[PDB]
Amino acid sequence: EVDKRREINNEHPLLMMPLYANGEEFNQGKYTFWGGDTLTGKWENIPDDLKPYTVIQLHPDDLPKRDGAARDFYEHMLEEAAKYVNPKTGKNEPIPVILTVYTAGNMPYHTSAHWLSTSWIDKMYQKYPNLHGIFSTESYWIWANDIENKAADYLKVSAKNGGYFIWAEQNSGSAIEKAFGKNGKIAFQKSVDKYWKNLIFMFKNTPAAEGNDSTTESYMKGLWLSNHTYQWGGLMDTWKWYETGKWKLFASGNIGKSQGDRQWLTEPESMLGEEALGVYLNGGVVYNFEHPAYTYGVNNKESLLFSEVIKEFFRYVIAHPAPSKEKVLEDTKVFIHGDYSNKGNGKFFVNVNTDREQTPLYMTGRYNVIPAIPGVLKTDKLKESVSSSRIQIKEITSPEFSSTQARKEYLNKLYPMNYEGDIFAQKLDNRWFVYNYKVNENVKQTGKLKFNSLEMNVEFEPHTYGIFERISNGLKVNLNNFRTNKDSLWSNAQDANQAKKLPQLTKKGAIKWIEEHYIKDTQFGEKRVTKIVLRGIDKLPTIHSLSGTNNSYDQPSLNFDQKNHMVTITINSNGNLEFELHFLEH
């Protein structure tokens, strides 16, 4: 093995920072990115605490579809990255880069990435120590005849150089199963047997109408636990709102795939944190987002989604490393071997732990994410682990998985019920993680959680997650319900028919909207109420270390009922929030 260029694991997570080449300006002799970020300016802006965990991911977007264009753009940017000087110290501090080398099946009618040979990639790794890896993303809809062969070559050239091959893909059309050899294309399967320590496999939740969120995430987790990938994660994509035909928040009717640029702006900001929790709580460590103009920002400025949700979430997962592989193995009671594509795809988990066919969220944490690997793979390495002895490894074709009711009856024997209420909750050590799982329905949810004898009842509106940590002197609370008002995008449409018919916002129009109405002059959402009730408290708790999104919260209300030894906490906010409550139990 060649020394790794960087670590990627629970203690060293990875946030990918995408930059999409502006092919129109490339044709004019300029080297620029859609949305106006510059490589140097963006890197400088990244908070210093996050720099060790963040990597710039270049994407060739609409560079001309001809030989040399992607090499030219990429070599220019690698040079800029390599020559970077820290303005505060004067030291050359090369910027870490990941290159997108494969997308859309690398068809020459789809992408300039077609004209990037393995030879060139090898040359770039050798020339640039700051090239930390290469990325393949989104070919499930165009599964090229040689995709497994090419993926084997990407993994091998990365291993040769100590870099990572990162593949973000969704199990549409059995893509993950095929990647590992379902249909007899076994080159990548063989590559992984040798080079899995240089592989990162991520879900890509874009094709949301096909409902493969839960099954793809199950595979990513299972691949990791069984030593078929070094680590896993997810690319969470606000374009899901387009794929599923949604429009104005909470509005009725479906507009189909008709208003792309309005649609990818509409997903609530905090819902990206809800999605990202599925990665974190299950031991994933790599995070990436789309659409980047919304999720990260424009013109070297952080969007509010980035500053108030993603930045804070990512800081959290650095401060509190995700459960290790060993820990997740120890906690795993059931591990599925087999193909979800033959058991209803995402339907497998509907009314088990997801509430509908098309959602990136879960409705219960009772089973967390049940890990699986495709039927083509073997569980030998999993069984060889010292931490896997109490795992039931079950074929997906087992009678236990034959129906929705069979799945719950089996899983319920092994995963005890550990909270009450119709809301998502999952416990990790002394922490309850809670969110309202509604996607586009304006419905409050409630749950009853316990920390031993201490009872905590919560009431959450949609697009609200919380982390509640029992600490020696009381409770640490992190709450995020940040959701701005996107109704302006849907002005002039009083129903779905009218909304489908709106003028296109367009790509350039959306970037302009972000500049003019999101980066500044933001239409913030209304403050909304969260209730937390604690039962079993000695005296009125005290509040400490209260902070959050500027101007986004009223002072929390503490109402102590001495007779019933209980406190009702009322919060009215829209943003991120954190505080400690100090108290003793009764």
# chains A, B, ... in the order shown; residues from 1 in each chain; ligands from 1
call {"tool": "residues_around", "arguments": {"residues": "residue A:99", "least_positions_apart": "2", "cutoff": "10 Å", "atoms": "only C-alpha atoms", "output": "ChimeraX atom specification"}}
result
/A:18,56-60,74,78,97,101-102,113,121,131-136,165-166
call {"tool": "select_by_dssp", "arguments": {"residues": "stretch 400-566 of chain A", "states": "strand (DSSP E)", "output": "PyMOL selection string"}}
result
chain A and resi 424-428+431-435+445-451+454-460+465-471+474-480+528-535+542-548+557-561+566
call {"tool": "residues_around", "arguments": {"residues": "stretch 377-390 of chain A", "least_positions_apart": "3", "cutoff": "6 Å", "atoms": "only C-alpha atoms", "output": "list in words"}}
result
residues 226, 329, 330 and 374 of chain A
call {"tool": "residues_around", "arguments": {"residues": "stretch 26-40 of chain A", "least_positions_apart": "2", "cutoff": "9 Å", "atoms": "only C-alpha atoms", "output": "NGL selection string"}}
result
:A and (19-24 or 42-45 or 56 or 61 or 63-64 or 69 or 73 or 76-77 or 80-81 or 84 or 95 or 292-293 or 297-301 or 508 or 511-512)
call {"tool": "residues_around", "arguments": {"residues": "stretch 554-561 of chain A", "least_positions_apart": "5", "cutoff": "12 Å", "atoms": "only C-alpha atoms", "output": "PyMOL selection string"}}
result
chain A and resi 477+526-544+546-549+566-575+577-583
call {"tool": "residues_around", "arguments": {"residues": "residue A:2", "least_positions_apart": "5", "cutoff": "8 Å", "atoms": "only C-alpha atoms", "output": "ChimeraX atom specification"}}
result
/A:159-162
call {"tool": "write_last_selection", "arguments": {"atoms": "N, CA and C atoms", "output": "short mmCIF file (atom, residue, chain, number, x, y, z; two decimals), in the first residue's frame"}}
result
data_model
loop_
_atom_site.label_atom_id
_atom_site.label_comp_id
_atom_site.auth_asym_id
_atom_site.auth_seq_id
_atom_site.Cartn_x
_atom_site.Cartn_y
_atom_site.Cartn_z
N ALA A 159 -5.39 4.11 -5.92
CA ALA A 159 -4.60 3.30 -4.98
C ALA A 159 -3.10 3.43 -5.27
N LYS A 160 -2.75 3.46 -6.55
CA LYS A 160 -1.36 3.61 -7.02
C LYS A 160 -0.72 4.88 -6.47
N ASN A 161 -1.54 5.90 -6.22
CA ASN A 161 -1.04 7.23 -5.87
C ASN A 161 -1.41 7.65 -4.45
N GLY A 162 -2.10 6.77 -3.73
CA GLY A 162 -2.51 7.07 -2.35
C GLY A 162 -3.73 7.98 -2.30
#
call {"tool": "select_by_dssp", "arguments": {"residues": "stretch 82-245 of chain A", "states": "helix (DSSP H, G or I)", "output": "PyMOL selection string"}}
result
chain A and resi 82+104-106+112-115+118-127+147-161+172-179+187-198+208-210+213-225+240-243
call {"tool": "residues_around", "arguments": {"residues": "residue A:367", "least_positions_apart": "5", "cutoff": "8 Å", "atoms": "only C-alpha atoms", "output": "list in words"}}
result
residues 353, 411 and 415 of chain A
call {"tool": "closest_residue", "arguments": {"among": "A:584, A:92, A:262, A:228", "to": "residue A:473", "atoms": "only C-alpha atoms"}}
result
A:584
call {"tool": "atom_distance", "arguments": {"atom1": "atom CA of residue A:191", "atom2": "atom CA of residue A:107"}}
result
22.8 Å
call {"tool": "closest_residue", "arguments": {"among": "A:231, A:288, A:457, A:145", "to": "residue A:276", "atoms": "only C-alpha atoms"}}
result
A:288
call {"tool": "closest_residue", "arguments": {"among": "A:158, A:189, A:216, A:345", "to": "residue A:125", "atoms": "only C-alpha atoms"}}
result
A:158
call {"tool": "atom_distance", "arguments": {"atom1": "atom CA of residue A:306", "atom2": "atom CA of residue A:237"}}
result
13.5 Å
call {"tool": "atom_distance", "arguments": {"atom1": "atom CA of residue A:6", "atom2": "atom CA of residue A:163"}}
result
7.8 Å
call {"tool": "closest_residue", "arguments": {"among": "A:454, A:176, A:514, A:334", "to": "residue A:376", "atoms": "only C-alpha atoms"}}
result
A:176
call {"tool": "decode", "arguments": {"residues": "stretch 245-289 of chain A", "atoms": "N, CA and C atoms", "output": "JSON list (two decimals), in the first residue's frame"}}
result
[["chain", "number", "residue", "atom", "x", "y", "z"],
["A", 245, "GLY", "N", -41.75, 16.73, -8.48],
["A", 245, "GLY", "CA", -42.87, 17.56, -8.94],
["A", 245, "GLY", "C", -43.51, 18.49, -7.92],
["A", 246, "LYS", "N", -42.80, 18.78, -6.84],
["A", 246, "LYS", "CA", -43.33, 19.70, -5.84],
["A", 246, "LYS", "C", -43.15, 21.15, -6.26],
["A", 247, "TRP", "N", -43.93, 22.03, -5.64],
["A", 247, "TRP", "CA", -43.82, 23.45, -5.94],
["A", 247, "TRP", "C", -43.79, 24.25, -4.63],
["A", 248, "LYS", "N", -44.65, 25.26, -4.48],
["A", 248, "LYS", "CA", -44.69, 26.09, -3.27],
["A", 248, "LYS", "C", -44.81, 25.19, -2.02],
["A", 249, "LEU", "N", -44.09, 25.54, -0.97],
["A", 249, "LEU", "CA", -44.12, 24.74, 0.25],
["A", 249, "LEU", "C", -45.55, 24.56, 0.77],
["A", 250, "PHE", "N", -45.90, 23.30, 1.03],
["A", 250, "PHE", "CA", -47.21, 22.87, 1.55],
["A", 250, "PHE", "C", -48.38, 22.97, 0.56],
["A", 251, "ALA", "N", -48.14, 23.51, -0.63],
["A", 251, "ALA", "CA", -49.24, 23.69, -1.57],
["A", 251, "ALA", "C", -49.68, 22.36, -2.15],
["A", 252, "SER", "N", -50.95, 22.27, -2.54],
["A", 252, "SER", "CA", -51.42, 21.02, -3.12],
["A", 252, "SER", "C", -51.21, 20.99, -4.63],
["A", 253, "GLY", "N", -51.27, 19.78, -5.18],
["A", 253, "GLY", "CA", -51.04, 19.58, -6.60],
["A", 253, "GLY", "C", -49.58, 19.32, -6.92],
["A", 254, "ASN", "N", -49.38, 18.65, -8.04],
["A", 254, "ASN", "CA", -48.06, 18.26, -8.49],
["A", 254, "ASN", "C", -47.79, 18.84, -9.87],
["A", 255, "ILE", "N", -46.62, 19.46, -10.02],
["A", 255, "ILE", "CA", -46.34, 20.18, -11.27],
["A", 255, "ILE", "C", -45.39, 19.39, -12.17],
["A", 256, "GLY", "N", -44.98, 18.21, -11.73],
["A", 256, "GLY", "CA", -44.00, 17.41, -12.50],
["A", 256, "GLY", "C", -42.66, 18.12, -12.60],
["A", 257, "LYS", "N", -41.87, 17.66, -13.56],
["A", 257, "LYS", "CA", -40.50, 18.13, -13.72],
["A", 257, "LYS", "C", -40.49, 19.34, -14.65],
["A", 258, "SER", "N", -41.13, 20.41, -14.19],
["A", 258, "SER", "CA", -41.50, 21.51, -15.09],
["A", 258, "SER", "C", -40.89, 22.86, -14.76],
["A", 259, "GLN", "N", -40.36, 23.02, -13.55],
["A", 259, "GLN", "CA", -39.87, 24.33, -13.09],
["A", 259, "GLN", "C", -38.57, 24.17, -12.33],
["A", 260, "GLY", "N", -37.60, 23.52, -12.97],
["A", 260, "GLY", "CA", -36.36, 23.08, -12.32],
["A", 260, "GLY", "C", -35.74, 24.09, -11.40],
["A", 261, "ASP", "N", -35.49, 25.30, -11.91],
["A", 261, "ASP", "CA", -34.71, 26.25, -11.13],
["A", 261, "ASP", "C", -35.46, 26.85, -9.95],
["A", 262, "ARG", "N", -36.78, 26.99, -10.06],
["A", 262, "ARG", "CA", -37.61, 27.35, -8.91],
["A", 262, "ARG", "C", -37.67, 26.19, -7.92],
["A", 263, "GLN", "N", -37.75, 24.97, -8.46],
["A", 263, "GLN", "CA", -37.90, 23.79, -7.61],
["A", 263, "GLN", "C", -36.67, 23.48, -6.76],
["A", 264, "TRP", "N", -35.46, 23.55, -7.33],
["A", 264, "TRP", "CA", -34.29, 23.22, -6.51],
["A", 264, "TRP", "C", -33.95, 24.24, -5.44],
["A", 265, "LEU", "N", -34.61, 25.38, -5.50],
["A", 265, "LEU", "CA", -34.48, 26.39, -4.47],
["A", 265, "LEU", "C", -35.46, 26.20, -3.31],
["A", 266, "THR", "N", -36.48, 25.36, -3.49],
["A", 266, "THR", "CA", -37.60, 25.36, -2.55],
["A", 266, "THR", "C", -37.45, 24.41, -1.35],
["A", 267, "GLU", "N", -36.62, 23.37, -1.47],
["A", 267, "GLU", "CA", -36.48, 22.46, -0.33],
["A", 267, "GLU", "C", -36.09, 23.25, 0.93],
["A", 268, "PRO", "N", -36.82, 23.07, 2.05],
["A", 268, "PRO", "CA", -36.45, 23.77, 3.28],
["A", 268, "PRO", "C", -34.99, 23.54, 3.70],
["A", 269, "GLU", "N", -34.33, 24.60, 4.16],
["A", 269, "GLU", "CA", -32.91, 24.53, 4.52],
["A", 269, "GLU", "C", -32.63, 23.45, 5.56],
["A", 270, "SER", "N", -33.43, 23.42, 6.63],
["A", 270, "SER", "CA", -33.22, 22.47, 7.70],
["A", 270, "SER", "C", -33.43, 21.03, 7.27],
["A", 271, "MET", "N", -34.19, 20.81, 6.21],
["A", 271, "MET", "CA", -34.41, 19.43, 5.73],
["A", 271, "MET", "C", -33.10, 18.80, 5.26],
["A", 272, "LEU", "N", -32.15, 19.60, 4.77],
["A", 272, "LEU", "CA", -30.82, 19.03, 4.42],
["A", 272, "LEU", "C", -30.12, 18.46, 5.64],
["A", 273, "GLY", "N", -30.32, 19.10, 6.80],
["A", 273, "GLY", "CA", -29.76, 18.55, 8.06],
["A", 273, "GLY", "C", -30.43, 17.24, 8.47],
["A", 274, "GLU", "N", -31.74, 17.16, 8.29],
["A", 274, "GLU", "CA", -32.49, 15.90, 8.49],
["A", 274, "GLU", "C", -31.95, 14.76, 7.63],
["A", 275, "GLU", "N", -31.67, 15.06, 6.36],
["A", 275, "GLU", "CA", -31.07, 14.08, 5.45],
["A", 275, "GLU", "C", -29.67, 13.69, 5.94],
["A", 276, "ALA", "N", -28.88, 14.70, 6.30],
["A", 276, "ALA", "CA", -27.49, 14.46, 6.68],
["A", 276, "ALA", "C", -27.39, 13.64, 7.96],
["A", 277, "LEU", "N", -28.40, 13.74, 8.82],
["A", 277, "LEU", "CA", -28.41, 12.91, 10.04],
["A", 277, "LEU", "C", -28.42, 11.41, 9.73],
["A", 278, "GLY", "N", -29.05, 11.00, 8.62],
["A", 278, "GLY", "CA", -29.06, 9.58, 8.23],
["A", 278, "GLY", "C", -27.66, 9.09, 7.92],
["A", 279, "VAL", "N", -26.81, 9.98, 7.43],
["A", 279, "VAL", "CA", -25.42, 9.62, 7.16],
["A", 279, "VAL", "C", -24.68, 9.50, 8.50],
["A", 280, "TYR", "N", -24.68, 10.58, 9.28],
["A", 280, "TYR", "CA", -23.99, 10.64, 10.55],
["A", 280, "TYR", "C", -24.36, 9.49, 11.52],
["A", 281, "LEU", "N", -25.65, 9.28, 11.73],
["A", 281, "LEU", "CA", -26.12, 8.37, 12.77],
["A", 281, "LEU", "C", -25.80, 6.93, 12.44],
["A", 282, "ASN", "N", -25.37, 6.71, 11.20],
["A", 282, "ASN", "CA", -25.11, 5.37, 10.71],
["A", 282, "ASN", "C", -23.66, 5.15, 10.33],
["A", 283, "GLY", "N", -22.81, 6.08, 10.76],
["A", 283, "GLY", "CA", -21.36, 5.93, 10.61],
["A", 283, "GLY", "C", -20.77, 6.46, 9.33],
["A", 284, "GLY", "N", -21.60, 7.10, 8.50],
["A", 284, "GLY", "CA", -21.08, 7.75, 7.30],
["A", 284, "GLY", "C", -20.32, 9.01, 7.69],
["A", 285, "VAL", "N", -19.38, 9.40, 6.83],
["A", 285, "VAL", "CA", -18.45, 10.49, 7.13],
["A", 285, "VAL", "C", -18.17, 11.44, 5.97],
["A", 286, "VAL", "N", -18.78, 11.19, 4.80],
["A", 286, "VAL", "CA", -18.54, 12.05, 3.64],
["A", 286, "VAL", "C", -19.85, 12.70, 3.24],
["A", 287, "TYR", "N", -19.79, 14.01, 3.04],
["A", 287, "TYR", "CA", -20.99, 14.82, 2.77],
["A", 287, "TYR", "C", -20.78, 15.67, 1.52],
["A", 288, "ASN", "N", -21.80, 15.75, 0.67],
["A", 288, "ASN", "CA", -21.76, 16.60, -0.51],
["A", 288, "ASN", "C", -23.18, 17.05, -0.79],
["A", 289, "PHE", "N", -23.34, 18.21, -1.42],
["A", 289, "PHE", "CA", -24.67, 18.77, -1.63],
["A", 289, "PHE", "C", -24.85, 19.37, -3.02]]
